[PDB]
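Participant: Before I ask anything, here is the structure I am working with.
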Amino acid sequence: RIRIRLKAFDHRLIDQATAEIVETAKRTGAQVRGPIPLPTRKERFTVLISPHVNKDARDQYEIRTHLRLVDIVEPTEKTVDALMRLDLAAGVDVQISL
Amino acid sequence: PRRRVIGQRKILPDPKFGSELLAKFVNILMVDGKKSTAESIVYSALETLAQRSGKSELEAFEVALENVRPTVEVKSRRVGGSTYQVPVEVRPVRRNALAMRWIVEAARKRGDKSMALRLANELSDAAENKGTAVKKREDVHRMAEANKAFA
Amino acid sequence: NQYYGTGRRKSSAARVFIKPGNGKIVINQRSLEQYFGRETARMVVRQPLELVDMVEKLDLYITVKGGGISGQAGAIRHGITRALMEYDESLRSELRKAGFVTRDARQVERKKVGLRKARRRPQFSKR
Amino acid sequence: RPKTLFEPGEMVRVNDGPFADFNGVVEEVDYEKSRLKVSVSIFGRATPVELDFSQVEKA
Amino acid sequence: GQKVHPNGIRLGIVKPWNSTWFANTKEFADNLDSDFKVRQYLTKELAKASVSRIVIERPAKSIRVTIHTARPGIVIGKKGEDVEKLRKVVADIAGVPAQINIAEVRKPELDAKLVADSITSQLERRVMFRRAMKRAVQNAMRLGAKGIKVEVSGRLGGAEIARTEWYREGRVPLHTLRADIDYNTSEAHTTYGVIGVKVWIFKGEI
Amino acid sequence: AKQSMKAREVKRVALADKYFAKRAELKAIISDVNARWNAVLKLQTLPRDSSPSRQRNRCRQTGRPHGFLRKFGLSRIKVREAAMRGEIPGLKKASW
Amino acid sequence: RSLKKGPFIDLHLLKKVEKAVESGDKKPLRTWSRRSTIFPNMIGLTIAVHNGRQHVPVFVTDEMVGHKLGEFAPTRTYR
RNA sequence: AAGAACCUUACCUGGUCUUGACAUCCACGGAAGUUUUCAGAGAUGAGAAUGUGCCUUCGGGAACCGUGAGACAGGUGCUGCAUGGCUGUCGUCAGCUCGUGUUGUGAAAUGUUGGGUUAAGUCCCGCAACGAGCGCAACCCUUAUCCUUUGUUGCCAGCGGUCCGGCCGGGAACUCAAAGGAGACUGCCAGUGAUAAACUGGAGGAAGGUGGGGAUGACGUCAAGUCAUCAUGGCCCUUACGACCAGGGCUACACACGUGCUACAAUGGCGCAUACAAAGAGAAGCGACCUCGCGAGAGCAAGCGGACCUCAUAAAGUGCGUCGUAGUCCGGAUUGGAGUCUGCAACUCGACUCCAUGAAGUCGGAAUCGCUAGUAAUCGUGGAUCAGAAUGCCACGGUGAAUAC
């Protein structure tokens with residue numbers, strides 16, 4: 001029911017963000033399912049490398065925007081007032097769908 | 001190569017008749033990566049030749065390759081101006097390989113309307129020692145014999 | 001109960017579920033000869049099973065997606081070899097000699113900057 | 001809950017979501033599907049949460 | 001330009017990135033503007049204070065600026081007298097609440113940007129570059145990190161031709177990805193023109 | 001820097017909302033007929049220079065009209081300058 | 001090529017056509033614009049189309065049915 | 001230059017401005033703002049309107065607007081033989097140096113090489129050299145295999161119940177998806193070699209001698225390119241090499257050259273039916289569905305800032321019917337007539353659609369290029385730039401070789 005959706009820039013930041021999201025709801029008492037993988041988006045950027053003469057040389061960069069879905073099964077009174085506000089994850093864009 | 005000898009990628013038998021030589025035949029005859037269209041024309045030409053000639057499907061390409069199968073090849077020994085054609089006994093892989101390259105090039109050269117007709121005509125004319133591939137085989141043997149400075 | 005094997009060929013993905021029964025093969029809720037068994041890749045799926053002679057022993061329910069005719073049949077080929085553990089391992093030891101137990105490492109090489117494709121280089125001037 | 005009719009840019013309170021005992025502002029309203037797009041400024045960043053009309057009250 | 005640039009590959013695997021803030025791509029440009037518009041300002045204001053490393057993260061409703069420097073005292077001031085006017089204008093240019101934290105770091109010579117600005121300040125005061133470079137590498141290797149080199153280039157020695165000059169103490173494995181290497185650049189200016197300074201410091205490995 | 005191109009572009013940004021973006025839709029409905037009438041002439045009196053078609057995308061810092069990238073709001077050498085020095089979040093090298 | 005629902009005549013040039021209904025035929029008018037369409041209500045004008053270096057005096061006739069003023073202005077030069 | 005109809009645009013023909021189009025500071029008065037009229041191609045000059053808000057110790061701020069004056073600002077002006085920074089290139093070929101010791105009066109020499117070995121200055125043996133540093137492998141990413149954790153917007157094997165739709169209980173097994181591990185380290189045996197390093201074959205394993213691919217290019221070289229991305233010394237302009245506006249040029253044509261695309265065909269042309277993708281992008285967006293037009297497209301009009309919704313129907317392939325070696329139902333140039341979309345506006349100089357016209361071209365002289373296996377070849381999809389405009393650039397997959405004596 002509480003369809004939490006996380007969006008981060010690093011693989012070792014979002015699994016750790018959803019680790020407390022699973023522990024601070026499972027321990028206090030509720031029904032919780034595990035994290036759904038939700039495929040990572042890879043955005044590529046290819047730009048010319050040399051400033052004034054550049055015919056066939058280019059530099060290639062990319063960003064991997066990771067995603068996660070917790071999807072809390074039952075919205076009990078224990079998890080509603082304890083889940084968020086404690087992770088300090090400033091680099092994770094959380095989104096919640098009911 | 002320079003560092004070590006390298007043999008070309010080995011193949012498996014064909015899916016229809018189970019022969020490793022027909023697999024090489026359809027692979028050489030293939031154009032643009034379309035193996036299906038290539039084997040379709042090869043099987044069609046083989047079937048029409050086996051029906052028209054009246055011989056078995058095995059001898060329909062075995063005797064045709066046999067008449068274009070060389071027994072000597074040319075070595076570039078540099079005697080005649082940095083290139084020459086000294087004759088030596090052809091190895092079996094090269095023996096069947098040169099035969100397939102010649103009969104395929106002859107099928108490409110033939111002026112018939114359909115590739116199935118160009119192939120069934122070269123396959124027919126080859127076995128009776130009259131085809132274009134037979135002319136190619138019976139020209140290199142003469143040039144090799146004429147340039148037999150060594151053996 | 002069930003004997004499972006995944007299998008992949010460069011773009012494709014299959015689930016080969018081997019259940020006891022008749023010798024027919026169900027692929028994508030359709031028969032084998034109908035989909036592509038009368039055209040290209042007709043007997044490549046039969047090469048692992050030809051060695052053990054399982055003609056009417058096991059039915060295969062297969063769901064495959066991705067790639068093309070050859071890619072789907074290759075995913076079915078590697079799925080059957082992975083799913084060949086149904087009985088004792090004395091039969092896959094001879095299937096290894098055939099070369100189908102080995103997963104093919106033949107996969108496409110990426111395009112590179114300055115090149116039209118994987119290795120093709122642009123034409124150089126004569127002078 | 002009272003005050004069923006909402007308007008954009010008005011503060012509300014979260015009651016059935018994970019942000020209980022806190023307030024927030026609704027950035028966008030969808031009267032057709034009756035769903036509120038509310039953001040909670042936690043950790044210095046926006047947090048889009050979906051809320052229903054009857055479940056929450058206007059501040 | 002054949003030499004490898006370390007800061008584009010070290011911050012991805014072994015070191016943490018200098019910009020960890022997540023934002024939406026659809027409004028990234030304006031945010032990037034507000035991000036860069038104070039990094040130029042902090043570079044100007046902390047030129048007398050000799051800044052060593054800054055890490056700024058913008059969650060889009062507040063901005064957390066973390067600063068390392070030789071002396072936090074001149075920047076903060078007596079109880080907050082100086083830092084409040086900096087936080088005020090940073091909060092006005094970005095439009096969001098600024099959190100500025102200056103961390104105490106002992107021996108700031110192990111950072112590239114500090115030594116870089118130090119040599120640049122010694123190139124505007126017209127003193128000899130060779131002695132300044134030697135002391136800048138000598139009293140950084142003996143006090144800490146296992147390797148350091150400084151490659152200056154451009155109108156050196158008052159000559160009318162381009163040249164390069166460099167000292168290298170210890171070892172700098174620049175092509176080793178696991179090596180923790182700090183690298184920054186600094187451009188001095190004199191009557192002869194702009195002088196380019198590059199400093200690499202290798203502390204350790206993961 | 002070439003102050004001319006920057007001055008013209010900044011002027012067109014404000015003037016492309018002062019006149020355009022509100023009466024342009026009226027031109028789209030009336031002149032390109034949707035359901036000739038004489039109300040079309042009154043909608044062709046908009047400024048020729050202030051048109052969004054004249055506006056060329058330029059870099060935020062130097063105003064370079066070539067090599068620009070809309071997403072990052074900079075040019076390829078400016079994206080490369082920030083990307084190499086680790087100022088763009090998560091812009092790692094592509095090595096697949 | 002031309003506008004779909006009607007011939008686009010320039011605003012200032014339309015003002016010149018309205019003053020030409022009252023003033024009739026006159027001397028060549030050196031205007032700078034070239035983006036005007038010809039129609040039966042435009043025949044008889046003696047305007048001078050701009051062509052960069054000079055202004056070519058064009059006399060409008062029936063044969064210019066769908067052409068614009070810019071199709072009679074020599075801008076480039078031949079050898 | 002990752003987008004020249006105006007703009008872009010720097011260049012040109014005309015109309016203009018001089019403390020200025022941008023910035024600091026001084027004085028004076030005016031809220032800012034939203035209105036239209038005449039003239040001109042516009043830049044713009046010349047009038048007629050409305051308003052006087054927040055708020056100050058009423059010195060009426062803080063915002064902005066107009067005028068005047070000097071200091072000045074401005075320049076994609078010159079010089080990459082005065083420079084910073086960035087980049088091509090030799091070349092990812094295995095090279096390049098520092099401490100002592102020793103030799104020669106000394107520049108220098110040894111180390112940095114003789115024998116095996118590797119892609120490697122990689123390792124060992126030998127040994128007046130002993131050690132160390134940059135570089136290479138090496139730590140990074142993907143792919144190839146398995147386990148654990150994980151099941152919605154994804155999936156339906158063991159089960160059944162119905163719209164015969166994964167759609168719904170359920171399973172979360174698993175296609176797929178993504179974090180953490182394990183696995184390949186000359187390790188196991190035999191032979192060879194010097195008993196050393198190492199090599200060949202076989203077993204195990206999904207894969208044996210850096211498994212396959214990518215990133216990463218040493219000390220240095222060409223006074224190599226960029227004063228035009230930006231910064232900057234010197235020099236020059238300053239009622240003008242500065243700034244605004246309309247139009248034009250950047251697209252011309254007796255020519256030569258480079259990089260590309262389409263052809264010369266029965267291996268294919270036309271028409272019908274039909275099977276299977278991957279990688280991405282998307283809010284002034286992608287634009288379903290419905291209706292109108294043969295059509296390009298227009299009006300009406302859901303979903304979603306994204307495994308949900310869209311672009312998007314994958315194409316070659318495969319069945320038949322047609323045409324049979326012709327300048328042809330091969331291939332489409334050029335030209336006329338009539339429209340659509342974007343945009344003040346298709347005007348020299350745009351895209352696409354309909355009708356008509358059907359050049360050259362019969363696989364191309366001397367010569368020359370790319371490729372060692374998922375490669376060459378061939379066929380489609382997406383992205384950047386983009387008001388609207390690619391045969392170029394970048395990226396992804398289908399089928400899939402030939403040949404190494």
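In the structure tokens, the first chain shown is A, the next is B, and so on; residue numbers restart at 1 for each chain, and ligands run from 1 in the order shown.
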List as a ChimeraX atom specification the protein and nucleic acid residues near residue 34 in chain H, meaning an atom at most 12 Å away when only C-alpha atoms (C1' of nucleotides) are counted, but skip any in the same chain fewer than 6 places from it.

Facilitator: /F:18 /H:49-51

Participant: Distance table requested - chain H against chain F, cut-off 7 Å, only C-alpha atoms (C1' of nucleotides): one row per qualifying residue with the closest atom pair and its distance in Å to one decimal, ordered by chain and rising residue number, as JSON lines.

Facilitator:
{"residue": "H:1", "atom": "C1'", "partner": "F:66", "partner_atom": "CA", "distance": 6.8}
{"residue": "H:2", "atom": "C1'", "partner": "F:67", "partner_atom": "CA", "distance": 5.7}
{"residue": "H:7", "atom": "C1'", "partner": "F:54", "partner_atom": "CA", "distance": 4.1}
{"residue": "H:8", "atom": "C1'", "partner": "F:56", "partner_atom": "CA", "distance": 6.3}
{"residue": "H:21", "atom": "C1'", "partner": "F:7", "partner_atom": "CA", "distance": 6.5}
{"residue": "H:22", "atom": "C1'", "partner": "F:3", "partner_atom": "CA", "distance": 6.5}
{"residue": "H:76", "atom": "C1'", "partner": "F:2", "partner_atom": "CA", "distance": 6.6}
{"residue": "H:141", "atom": "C1'", "partner": "F:95", "partner_atom": "CA", "distance": 5.5}
{"residue": "H:142", "atom": "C1'", "partner": "F:96", "partner_atom": "CA", "distance": 4.8}
{"residue": "H:214", "atom": "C1'", "partner": "F:95", "partner_atom": "CA", "distance": 5.3}
{"residue": "H:215", "atom": "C1'", "partner": "F:95", "partner_atom": "CA", "distance": 4.8}
{"residue": "H:229", "atom": "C1'", "partner": "F:64", "partner_atom": "CA", "distance": 6.9}
{"residue": "H:343", "atom": "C1'", "partner": "F:53", "partner_atom": "CA", "distance": 6.5}
{"residue": "H:344", "atom": "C1'", "partner": "F:48", "partner_atom": "CA", "distance": 5.4}
{"residue": "H:387", "atom": "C1'", "partner": "F:53", "partner_atom": "CA", "distance": 4.6}

Participant: Would you save the residues from that selection as a PDB file, in the first residue's frame, using C-alpha atoms (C1' of nucleotides)?

Facilitator:
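This went into result_27.pdb:
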ATOM      1  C1'   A H   1      29.747  23.938 -36.931  1.00  0.00           C
ATOM      2  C1'   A H   2      25.987  18.637 -31.993  1.00  0.00           C
ATOM      3  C1'   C H   7      18.061  35.439 -36.445  1.00  0.00           C
ATOM      4  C1'   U H   8      22.228  32.529 -35.874  1.00  0.00           C
ATOM      5  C1'   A H  21      24.106  47.832 -25.997  1.00  0.00           C
ATOM      6  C1'   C H  22      26.881  45.575 -20.697  1.00  0.00           C
ATOM      7  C1'   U H  76      34.581  36.254 -32.286  1.00  0.00           C
ATOM      8  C1'   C H 141      33.164  -1.189 -16.275  1.00  0.00           C
ATOM      9  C1'   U H 142      30.458  -4.688 -19.232  1.00  0.00           C
ATOM     10  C1'   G H 214      35.980  -1.207 -23.499  1.00  0.00           C
ATOM     11  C1'   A H 215      38.241   2.867 -20.256  1.00  0.00           C
ATOM     12  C1'   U H 229      35.125  28.683 -25.734  1.00  0.00           C
ATOM     13  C1'   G H 343       7.554  29.842 -37.968  1.00  0.00           C
ATOM     14  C1'   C H 344       6.112  37.810 -38.266  1.00  0.00           C
ATOM     15  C1'   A H 387      10.812  27.209 -33.843  1.00  0.00           C
TER      16        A H 387
END

Participant: Can you list every residue of chain A that has an atom at most 7 Å from chain H, with its nearest atom pair and the distance in Å to one decimal, using only C-alpha atoms (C1' of nucleotides), ordered by chain then number, as CSV?

Facilitator:
residue,atom,partner,partner_atom,distance
A:15,CA,H:179,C1',6.9
A:34,CA,H:150,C1',5.8
A:35,CA,H:150,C1',5.6
A:36,CA,H:150,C1',5.5
A:37,CA,H:178,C1',5.5
A:38,CA,H:177,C1',6.6
A:39,CA,H:177,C1',5.8
A:46,CA,H:394,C1',6.3
A:50,CA,H:87,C1',4.8
A:51,CA,H:226,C1',6.8
A:52,CA,H:226,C1',5.4

Participant: Just N, CA and C atoms for this one: save the residues we selected as a PDB file, in the first residue's frame.

Facilitator:
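The new file out28.pdb reads:
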ATOM      1  N   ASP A  15      20.636   0.894  -1.584  1.00  0.00           N
ATOM      2  CA  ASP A  15      20.405  -0.372  -0.835  1.00  0.00           C
ATOM      3  C   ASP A  15      20.590  -0.096   0.662  1.00  0.00           C
ATOM      4  N   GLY A  34       9.845  -7.434   0.572  1.00  0.00           N
ATOM      5  CA  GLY A  34      11.220  -7.046   0.236  1.00  0.00           C
ATOM      6  C   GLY A  34      11.326  -6.037  -0.892  1.00  0.00           C
ATOM      7  N   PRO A  35      12.534  -5.492  -1.131  1.00  0.00           N
ATOM      8  CA  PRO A  35      12.697  -4.475  -2.162  1.00  0.00           C
ATOM      9  C   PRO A  35      12.653  -5.023  -3.590  1.00  0.00           C
ATOM     10  N   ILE A  36      11.808  -4.402  -4.410  1.00  0.00           N
ATOM     11  CA  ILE A  36      11.667  -4.773  -5.844  1.00  0.00           C
ATOM     12  C   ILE A  36      12.852  -4.097  -6.542  1.00  0.00           C
ATOM     13  N   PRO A  37      13.544  -4.756  -7.494  1.00  0.00           N
ATOM     14  CA  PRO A  37      14.735  -4.156  -8.110  1.00  0.00           C
ATOM     15  C   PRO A  37      14.509  -2.869  -8.926  1.00  0.00           C
ATOM     16  N   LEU A  38      13.438  -2.777  -9.748  1.00  0.00           N
ATOM     17  CA  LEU A  38      13.074  -1.585 -10.591  1.00  0.00           C
ATOM     18  C   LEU A  38      14.235  -1.107 -11.473  1.00  0.00           C
ATOM     19  N   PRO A  39      14.405  -1.579 -12.746  1.00  0.00           N
ATOM     20  CA  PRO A  39      15.637  -1.363 -13.573  1.00  0.00           C
ATOM     21  C   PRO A  39      16.330   0.006 -13.615  1.00  0.00           C
ATOM     22  N   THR A  46      27.626  11.753 -25.286  1.00  0.00           N
ATOM     23  CA  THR A  46      28.845  11.706 -26.121  1.00  0.00           C
ATOM     24  C   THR A  46      29.077  13.113 -26.650  1.00  0.00           C
ATOM     25  N   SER A  50      38.037  17.630 -28.740  1.00  0.00           N
ATOM     26  CA  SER A  50      38.983  18.708 -29.116  1.00  0.00           C
ATOM     27  C   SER A  50      38.233  19.999 -29.450  1.00  0.00           C
ATOM     28  N   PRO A  51      38.733  21.181 -29.023  1.00  0.00           N
ATOM     29  CA  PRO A  51      38.003  22.419 -29.280  1.00  0.00           C
ATOM     30  C   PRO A  51      37.873  22.938 -30.719  1.00  0.00           C
ATOM     31  N   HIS A  52      38.978  22.999 -31.471  1.00  0.00           N
ATOM     32  CA  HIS A  52      38.931  23.696 -32.783  1.00  0.00           C
ATOM     33  C   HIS A  52      39.084  22.810 -34.020  1.00  0.00           C
TER      34      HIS A  52
END

Participant: Using only C-alpha atoms (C1' of nucleotides), find which residues of chain H lie within 7 Å of chain G and jot them down as a list in words.

Facilitator: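 Going by the stated atoms only, the list reads residues 13, 41, 246, 247, 248, 252, 345, 346, 347 and 348 of chain H.
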
Participant: How about saving the chosen residues, C-alpha atoms (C1' of nucleotides) kept, as a PDB file, in the first residue's frame?

Facilitator:
ATOM      1  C1'   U H  13      24.968  47.476 -48.662  1.00  0.00           C
ATOM      2  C1'   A H  41      11.873  48.853 -43.699  1.00  0.00           C
ATOM      3  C1'   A H 246      16.018  45.842 -42.158  1.00  0.00           C
ATOM      4  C1'   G H 247      17.722  43.143 -46.334  1.00  0.00           C
ATOM      5  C1'   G H 248      21.715  40.230 -48.534  1.00  0.00           C
ATOM      6  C1'   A H 252      27.268  31.593 -56.780  1.00  0.00           C
ATOM      7  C1'   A H 345       7.335  35.535 -42.513  1.00  0.00           C
ATOM      8  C1'   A H 346       9.336  29.588 -47.002  1.00  0.00           C
ATOM      9  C1'   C H 347      11.548  35.614 -50.740  1.00  0.00           C
ATOM     10  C1'   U H 348      16.911  34.179 -53.366  1.00  0.00           C
TER      11        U H 348
END

Participant: Determine, for each residue of chain B having at least one atom at most 7 Å from an atom of chain H, the closest pair of atoms and their separation in Å to one decimal, counting only C-alpha atoms (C1' of nucleotides); order by chain and ascending number, as JSON lines.

Facilitator:
{"residue": "B:1", "atom": "CA", "partner": "H:404", "partner_atom": "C1'", "distance": 6.6}
{"residue": "B:6", "atom": "CA", "partner": "H:404", "partner_atom": "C1'", "distance": 6.4}
{"residue": "B:7", "atom": "CA", "partner": "H:404", "partner_atom": "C1'", "distance": 6.7}
{"residue": "B:8", "atom": "CA", "partner": "H:403", "partner_atom": "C1'", "distance": 6.8}
{"residue": "B:27", "atom": "CA", "partner": "H:401", "partner_atom": "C1'", "distance": 6.3}
{"residue": "B:28", "atom": "CA", "partner": "H:402", "partner_atom": "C1'", "distance": 6.2}
{"residue": "B:32", "atom": "CA", "partner": "H:378", "partner_atom": "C1'", "distance": 4.6}
{"residue": "B:33", "atom": "CA", "partner": "H:400", "partner_atom": "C1'", "distance": 4.3}
{"residue": "B:34", "atom": "CA", "partner": "H:399", "partner_atom": "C1'", "distance": 6.1}
{"residue": "B:113", "atom": "CA", "partner": "H:266", "partner_atom": "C1'", "distance": 6.5}
{"residue": "B:114", "atom": "CA", "partner": "H:266", "partner_atom": "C1'", "distance": 5.8}
{"residue": "B:115", "atom": "CA", "partner": "H:267", "partner_atom": "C1'", "distance": 6.7}

Participant: Residues as selected, N, CA and C atoms, written as a PDB file, in the first residue's frame, can you do that?

Facilitator:
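Result file part_14.pdb:
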ATOM      1  N   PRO B   1      49.735 -16.843 -40.106  1.00  0.00           N
ATOM      2  CA  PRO B   1      50.272 -15.608 -39.530  1.00  0.00           C
ATOM      3  C   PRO B   1      51.769 -15.688 -39.226  1.00  0.00           C
ATOM      4  N   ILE B   6      47.607 -20.461 -38.032  1.00  0.00           N
ATOM      5  CA  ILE B   6      46.214 -20.432 -37.512  1.00  0.00           C
ATOM      6  C   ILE B   6      45.323 -21.074 -38.568  1.00  0.00           C
ATOM      7  N   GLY B   7      44.597 -22.112 -38.162  1.00  0.00           N
ATOM      8  CA  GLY B   7      43.635 -22.744 -39.071  1.00  0.00           C
ATOM      9  C   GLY B   7      42.294 -22.060 -38.929  1.00  0.00           C
ATOM     10  N   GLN B   8      41.609 -21.848 -40.049  1.00  0.00           N
ATOM     11  CA  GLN B   8      40.273 -21.195 -40.085  1.00  0.00           C
ATOM     12  C   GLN B   8      39.227 -21.925 -39.235  1.00  0.00           C
ATOM     13  N   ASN B  27      28.087 -21.786 -47.250  1.00  0.00           N
ATOM     14  CA  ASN B  27      28.758 -20.628 -46.601  1.00  0.00           C
ATOM     15  C   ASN B  27      29.475 -19.747 -47.637  1.00  0.00           C
ATOM     16  N   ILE B  28      30.261 -20.355 -48.533  1.00  0.00           N
ATOM     17  CA  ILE B  28      30.968 -19.593 -49.605  1.00  0.00           C
ATOM     18  C   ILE B  28      29.943 -18.940 -50.544  1.00  0.00           C
ATOM     19  N   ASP B  32      25.386 -11.360 -48.274  1.00  0.00           N
ATOM     20  CA  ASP B  32      24.696 -10.420 -47.338  1.00  0.00           C
ATOM     21  C   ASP B  32      24.265 -11.061 -46.012  1.00  0.00           C
ATOM     22  N   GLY B  33      24.802 -12.229 -45.665  1.00  0.00           N
ATOM     23  CA  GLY B  33      24.432 -12.892 -44.404  1.00  0.00           C
ATOM     24  C   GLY B  33      23.158 -13.719 -44.484  1.00  0.00           C
ATOM     25  N   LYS B  34      22.501 -13.735 -45.646  1.00  0.00           N
ATOM     26  CA  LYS B  34      21.241 -14.496 -45.822  1.00  0.00           C
ATOM     27  C   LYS B  34      21.570 -15.945 -46.162  1.00  0.00           C
ATOM     28  N   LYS B 113      19.515 -17.066 -66.522  1.00  0.00           N
ATOM     29  CA  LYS B 113      18.569 -16.124 -65.869  1.00  0.00           C
ATOM     30  C   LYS B 113      18.514 -16.258 -64.348  1.00  0.00           C
ATOM     31  N   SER B 114      18.452 -17.483 -63.845  1.00  0.00           N
ATOM     32  CA  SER B 114      18.326 -17.728 -62.389  1.00  0.00           C
ATOM     33  C   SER B 114      19.612 -18.347 -61.846  1.00  0.00           C
ATOM     34  N   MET B 115      19.963 -18.015 -60.598  1.00  0.00           N
ATOM     35  CA  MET B 115      21.154 -18.589 -59.909  1.00  0.00           C
ATOM     36  C   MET B 115      21.001 -20.112 -59.795  1.00  0.00           C
TER      37      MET B 115
END

Participant: Please provide the set of residues having any atom within 10 Å of range 135-150 of chain B, restricted to only C-alpha atoms (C1' of nucleotides), with same-chain residues fewer than 3 positions apart removed, written as a list in words.

Facilitator: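 Returned residues: residues 67, 68, 69, 70, 71, 72, 73, 74, 75, 77, 79, 80, 84, 85, 86, 87, 88, 98, 99, 102, 103, 106, 126, 129, 130, 131 and 132 of chain B.
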
Participant: Need to verify the contact set: residue 24 in chain G, 12 Å, only C-alpha atoms (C1' of nucleotides), exclusion of same-chain residues closer than 2 positions in sequence. Can you return it as a ChimeraX atom specification?

Facilitator: /G:16-22,26-27,42-46

Participant: With C-alpha atoms retained, export the selected residues as a PDB file, in the first residue's frame.

Facilitator:
ATOM      1  CA  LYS G  16       1.170  51.504 -48.777  1.00  0.00           C
ATOM      2  CA  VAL G  17      -1.457  49.583 -50.865  1.00  0.00           C
ATOM      3  CA  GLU G  18      -4.277  51.354 -48.902  1.00  0.00           C
ATOM      4  CA  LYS G  19      -2.637  54.746 -49.567  1.00  0.00           C
ATOM      5  CA  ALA G  20      -2.267  53.652 -53.240  1.00  0.00           C
ATOM      6  CA  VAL G  21      -6.078  53.184 -53.569  1.00  0.00           C
ATOM      7  CA  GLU G  22      -6.433  56.955 -52.843  1.00  0.00           C
ATOM      8  CA  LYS G  26       2.956  57.009 -58.421  1.00  0.00           C
ATOM      9  CA  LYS G  27       6.784  57.095 -58.592  1.00  0.00           C
ATOM     10  CA  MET G  42      -1.918  44.193 -56.148  1.00  0.00           C
ATOM     11  CA  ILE G  43      -1.666  44.581 -59.980  1.00  0.00           C
ATOM     12  CA  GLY G  44      -0.680  48.079 -61.183  1.00  0.00           C
ATOM     13  CA  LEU G  45       1.806  48.926 -58.374  1.00  0.00           C
ATOM     14  CA  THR G  46       5.230  50.349 -59.355  1.00  0.00           C
TER      15      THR G  46
END

Participant: Excluding residue 48 in chain D and its own-chain neighbours fewer than 6 positions away, which residues fall within 8 Å of it when counting only C-alpha atoms (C1' of nucleotides)? Please give them as a VMD selection string.

Facilitator: (chain A and resid 94 to 96) or (chain D and resid 37 to 40)

Participant: Please produce, as a tab-separated table, a per-residue contact table for chain D versus chain A (criterion: any atom at most 12 Å away, only C-alpha atoms considered), showing the nearest atom pair and its distance in Å to one decimal, sorted by chain then residue number.

Facilitator:
residue	atom	partner	partner_atom	distance
D:14	CA	A:80	CA	9.8
D:15	CA	A:80	CA	8.3
D:16	CA	A:80	CA	6.9
D:17	CA	A:80	CA	6.1
D:18	CA	A:80	CA	4.5
D:19	CA	A:81	CA	6.8
D:20	CA	A:81	CA	5.5
D:21	CA	A:81	CA	7.5
D:22	CA	A:81	CA	9.8
D:35	CA	A:98	CA	9.5
D:36	CA	A:98	CA	10.5
D:37	CA	A:97	CA	9.6
D:38	CA	A:96	CA	10.0
D:39	CA	A:95	CA	9.2
D:40	CA	A:95	CA	10.2
D:41	CA	A:85	CA	10.5
D:42	CA	A:85	CA	6.9
D:43	CA	A:90	CA	5.7
D:44	CA	A:90	CA	7.2
D:45	CA	A:90	CA	7.0
D:46	CA	A:93	CA	7.6
D:47	CA	A:95	CA	5.7
D:48	CA	A:95	CA	5.0
D:49	CA	A:96	CA	4.7
D:50	CA	A:97	CA	5.3
D:51	CA	A:98	CA	7.0
D:52	CA	A:98	CA	8.5
D:55	CA	A:98	CA	11.4

Participant: Can you work out which residues from chain C touch chain B at a cut-off of 10 Å (counting only C-alpha atoms) and hand them back as a VMD selection string?

Facilitator: chain C and resid 39 to 44

Participant: Using only C-alpha atoms, find the residues of chain E whose closest atom to chain F is at most 8 Å away, then write them as a ChimeraX atom specification.

Facilitator: /E:5,7-9,11-12,17-22,25-30,32-33

Participant: Name the closest residue to residue 191 in chain E among the candidates H:118, H:232, H:195, H:112; distances are taken between atoms, counting only C-alpha atoms (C1' of nucleotides).

Facilitator: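 With only C-alpha atoms (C1' of nucleotides) as the atom set, the closest residue is H:232.
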
Participant: Per residue of chain F within 7 Å of chain G, what are the shortest atom pair and its distance in Å to one decimal, counting only C-alpha atoms, with rows by chain and residue number, as JSON lines?

Facilitator:
{"residue": "F:32", "atom": "CA", "partner": "G:5", "partner_atom": "CA", "distance": 6.3}
{"residue": "F:33", "atom": "CA", "partner": "G:5", "partner_atom": "CA", "distance": 6.7}
{"residue": "F:36", "atom": "CA", "partner": "G:6", "partner_atom": "CA", "distance": 6.7}
